[PDB]
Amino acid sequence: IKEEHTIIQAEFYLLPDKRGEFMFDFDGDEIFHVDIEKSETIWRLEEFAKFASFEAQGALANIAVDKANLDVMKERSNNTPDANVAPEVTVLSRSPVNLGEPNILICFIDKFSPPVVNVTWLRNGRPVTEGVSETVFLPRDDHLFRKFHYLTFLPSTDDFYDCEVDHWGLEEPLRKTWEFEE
């Protein structure tokens, strides 16, 4: 047989925001990430929790190191910043869209840095705060990040959906639209 796989430990510390992140990746998908503030392991899928464990304190310890090193790096570079890379945005559905059958809208934000965005789902021009979820910042092969935002919806020809993303590298928010077409 031949089992080719890649498991990646991705972690970062960000300024001025003071945000940190620690996550594990398997073949392009997140296994888990640690809630730094709550110091707990958050499995990407609940079913995963029963096959393995991971001490969240070790992620925190590592983040403490990233924090220290960042200052060292800012010193070494004489606090020289860089550009903010704006993201690409794609809105798609999870499964084929059938009227009356619950589905899920996916808002794929890709190729951006730094790892921070403001996202807002719009259903018929208004923000949706119920039935939405989102991933942490996921790695890419390169130096940039991708992220997924989700919206639970019920297909009906009377609604139009939007995924509004804001990023420091954007002149104005990028709003990607989606609507059902028979």
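Numbering starts at 1 and runs along the sequence shown.
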(request) Taking the mean of the C-alpha B-factors per stretch from the entry, tell me the winner out of 100-108 and 79-87. (result) 79-87
(request) Could you check which stretch, 26-34 or 119-127, carries the larger mean CA temperature factor in the entry? (result) 119-127
(request) Pick out which of 50, 44, 146, 143 has the highest C-alpha B-factor in the PDB entry. (result) 50
(request) Classify residue 158 as lowest, middle or highest third according to the C-alpha B-factor given in the PDB entry, relative to its own chain. (result) highest
(request) Taking the chain's C-alpha temperature factors as the reference, tell me which third residue 69 falls into: lowest, middle or highest. (result) lowest
(message) Using the temperature factors of the C-alpha atoms in this entry, rank residue 7 within its chain: lowest, middle or highest third.
(response) middle
(request) Within this chain's modelled residues, let me know which third the CA B factor of residue 133 belongs to: lowest, middle or highest. (result) lowest
(request) Going by the recorded CA B-factors, say which third of the chain residue 113 sits in, lowest, middle or highest. (result) lowest
